[PDB]
Structures are given as structure tokens and as C-alpha cells.
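Worksheet for the structure shown next.
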Amino acid sequence: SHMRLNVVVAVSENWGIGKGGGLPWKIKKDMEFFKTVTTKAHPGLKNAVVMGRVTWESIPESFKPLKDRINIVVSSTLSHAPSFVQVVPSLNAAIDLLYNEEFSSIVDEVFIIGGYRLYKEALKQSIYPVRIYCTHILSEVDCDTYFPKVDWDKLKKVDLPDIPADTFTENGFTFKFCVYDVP
């Protein structure tokens, strides 16, 4: 109906972005969360996951393209992609593509899975409501690229049944899952 932009991101204590090394793909529990959040769609339909090239490139080969989702990379560089992965120059273009004849009968929800630049564009626009699926992490090492400014004090915490509210510890990482509607 009216598109919500869903942002999926892992953040440290100061909303540093959870990327670099194996992050966030290497935390198994976070991948379950990621897989569930991004794959679950009304029957017949598929969610879209939209991401920058460096996000696309950071994904381990065993994982790529993300099955059962429309994969869209926003890049001007990426010359080629695996069959059925879409490459477009802009977020504008990813959304137009999802509303064009090729995808509009297929798409359910849209997730932006990273790129600082994509997160930033997604948060800064004043047209569509935004929901953030957030993995909070206590970083044993520093995350030094930052998530775009949000007023977290005003974020509306969402309760979803399939989402466990416990804190988890895997490897050196302690984390918890939270879902927010930006008012």
C-alpha cells in the first residue's frame, strides 16, 4: 500500500555501524535474525533487500545472492551481477524499479541493509515512514563509521513475537535485537 522503508543495521554502543571483518555475517544468531526479518513475506511475494556495492561485496559467497529476496545493489561501478541481481545507480532508481512492471506484482517489503549512504538517504527523506531493525552490540573492538543521526529518545519501540528480547553472547560479542518505528 504505502511503502515503509525498513532499515536493517547492527550498531555498537555509540551507534557505530557493525561492519568490517566478518560483521555482521559472521555472528550466527544475527544471521538468523537477518534471514527471518528480510525473508518473511506474505505468501506468493518476496521482500527486496537494497544495498550498496561494498555491502554486496562484503557478503560471503556461500550467502550471495540472498535467496528468496529480490537483490538490488545501488552502484555505478558494479558492471555485472549474478542472474537476477539488479544493479541501479541510485536509491531513487531501486524504488522505481520495485514499483515497475517487472517487480510490482512480486515485492512485499523493502529492506535497506546498508551502505552508510543508503541508510543516510533512507533516514533523511520525509516522504515514507521508516522502521529500523537494529542489532545492538557491545563492541569488544571499535566500530568507527557511524550510523546517520537519529533521535533515539523518540524512537517507538516495537514488540514483535518472533523476536527474542534476550541479550545474547557469541564469540566476543554481546548483543540484543530491537525494532523501532521512527515517528
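Chains: A, B, ... in order of the C-alpha cells. Residues: from 1 per chain. Ligands: from 1, in order shown.
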
**Study point:** Who sits within 7 Å of stretch 144-160 of chain A, only C-alpha atoms, same chain under 5 positions skipped, as a PyMOL selection string
**Key:** chain A and resi 15-17+116+119-120+179-183

Exercise for review: For stretch 89-103 of chain A, list every protein, DNA or RNA residue within 7 Å, evaluated using only C-alpha atoms, and leave out those in the same chain fewer than 3 positions away; present the list as a PyMOL selection string.
Suggested key: chain A and resi 72+74-76+106-107

Practice item. Could you jot down the atom CA of residue A:177 to atom CA of residue A:86 separation for me, Å, one decimal place? Key: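 A separation of 29.0 Å between them.
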
**Study point:** For residue A:23: contacts at 12 Å, only C-alpha atoms, fewer than 5 positions along chain excluded, given as a ChimeraX atom specification
**Key:** /A:9-12,17-18,28-31,55,58-60,114,135,137,139,141,143,171,173

Name the residues in contact with residue A:83 at a cut-off of 12 Å, using only C-alpha atoms, excluding same-chain residues fewer than 4 positions from it; report them as a CSV table (one decimal) with N, CA and C atoms, in the first residue's frame.
chain,number,residue,atom,x,y,z
A,64,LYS,N,25.5,-15.4,-1.1
A,64,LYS,CA,25.2,-14.5,-2.2
A,64,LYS,C,24.7,-15.2,-3.5
A,65,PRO,N,23.6,-14.7,-4.2
A,65,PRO,CA,22.6,-13.6,-3.8
A,65,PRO,C,21.8,-14.2,-2.7
A,66,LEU,N,21.1,-13.3,-1.9
A,66,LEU,CA,20.3,-13.7,-0.8
A,66,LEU,C,19.1,-14.4,-1.3
A,67,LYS,N,18.9,-15.7,-1.0
A,67,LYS,CA,17.8,-16.4,-1.6
A,67,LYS,C,16.4,-15.9,-1.2
A,70,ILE,N,14.4,-10.3,-3.6
A,70,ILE,CA,14.9,-9.5,-4.8
A,70,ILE,C,16.1,-8.8,-4.3
A,71,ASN,N,17.3,-9.1,-4.8
A,71,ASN,CA,18.5,-8.4,-4.5
A,71,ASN,C,18.8,-7.2,-5.4
A,72,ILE,N,19.0,-6.0,-4.8
A,72,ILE,CA,19.2,-4.8,-5.6
A,72,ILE,C,20.5,-4.1,-5.1
A,87,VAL,N,21.2,-4.1,-10.5
A,87,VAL,CA,22.1,-3.1,-10.2
A,87,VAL,C,21.6,-1.8,-10.8

Exercise for review: Have a look at atom CA of residue A:3 and atom CA of residue A:127 and let me know their distance in Å, one decimal.
Suggested key: 9.5 Å

Check your understanding: Please, what distance in Å, to one decimal, runs between atom CA of residue A:115 and atom CA of residue A:19?
Key -> 9.8 Å

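Every residue of stretch 67-111 of chain A with a DSSP assignment of alpha helix (DSSP H), taken from the backbone, is listed as residues 91, 92, 93, 94, 95, 96, 97 and 98 of chain A.
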
Write the selection just made, keeping N, CA, C and O atoms, as a PDB file, in the first residue's frame?
ATOM      1  N   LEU A  91      19.230   5.008  -5.085  1.00  0.00           N
ATOM      2  CA  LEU A  91      18.076   4.546  -4.304  1.00  0.00           C
ATOM      3  C   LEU A  91      16.755   4.886  -4.994  1.00  0.00           C
ATOM      4  O   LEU A  91      15.822   4.078  -4.970  1.00  0.00           O
ATOM      5  N   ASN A  92      16.679   6.093  -5.561  1.00  0.00           N
ATOM      6  CA  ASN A  92      15.540   6.515  -6.365  1.00  0.00           C
ATOM      7  C   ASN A  92      15.228   5.414  -7.317  1.00  0.00           C
ATOM      8  O   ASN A  92      14.094   4.941  -7.395  1.00  0.00           O
ATOM      9  N   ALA A  93      16.262   5.003  -8.041  1.00  0.00           N
ATOM     10  CA  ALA A  93      16.090   4.033  -9.087  1.00  0.00           C
ATOM     11  C   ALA A  93      15.706   2.647  -8.542  1.00  0.00           C
ATOM     12  O   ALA A  93      14.936   1.939  -9.180  1.00  0.00           O
ATOM     13  N   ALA A  94      16.225   2.265  -7.370  1.00  0.00           N
ATOM     14  CA  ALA A  94      15.834   0.978  -6.785  1.00  0.00           C
ATOM     15  C   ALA A  94      14.331   0.990  -6.490  1.00  0.00           C
ATOM     16  O   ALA A  94      13.650   0.022  -6.764  1.00  0.00           O
ATOM     17  N   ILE A  95      13.828   2.080  -5.920  1.00  0.00           N
ATOM     18  CA  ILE A  95      12.388   2.156  -5.590  1.00  0.00           C
ATOM     19  C   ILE A  95      11.510   2.184  -6.840  1.00  0.00           C
ATOM     20  O   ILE A  95      10.479   1.495  -6.912  1.00  0.00           O
ATOM     21  N   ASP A  96      11.920   2.947  -7.843  1.00  0.00           N
ATOM     22  CA  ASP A  96      11.188   2.938  -9.113  1.00  0.00           C
ATOM     23  C   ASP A  96      11.140   1.556  -9.733  1.00  0.00           C
ATOM     24  O   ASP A  96      10.124   1.134 -10.298  1.00  0.00           O
ATOM     25  N   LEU A  97      12.270   0.866  -9.670  1.00  0.00           N
ATOM     26  CA  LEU A  97      12.376  -0.483 -10.205  1.00  0.00           C
ATOM     27  C   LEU A  97      11.400  -1.436  -9.488  1.00  0.00           C
ATOM     28  O   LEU A  97      10.727  -2.219 -10.132  1.00  0.00           O
ATOM     29  N   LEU A  98      11.334  -1.349  -8.162  1.00  0.00           N
ATOM     30  CA  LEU A  98      10.384  -2.148  -7.370  1.00  0.00           C
ATOM     31  C   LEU A  98       8.920  -1.807  -7.601  1.00  0.00           C
ATOM     32  O   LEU A  98       8.018  -2.643  -7.416  1.00  0.00           O
TER      33      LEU A  98
END

Review point. So which bits of stretch 12-177 of chain A end up strand (DSSP E) when you DSSP the backbone, as a count of residues only?
Key: 41

Exercise for review: Extract, using only C-alpha atoms, all DNA, RNA and protein residues at most 7 Å from stretch 34-43 of chain A, discarding same-chain residues fewer than 2 positions from it, and format them as JSON, numbers by chain.
Suggested key: {"A": [30, 31, 32, 45, 46, 47, 68, 69, 108, 111]}

Review point. So, counting only C-alpha atoms, which residue among A:50, A:27, A:7, A:123 is closest to residue A:172?
Key: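 The shortest atom-to-atom distance to residue A:172 comes from A:27.
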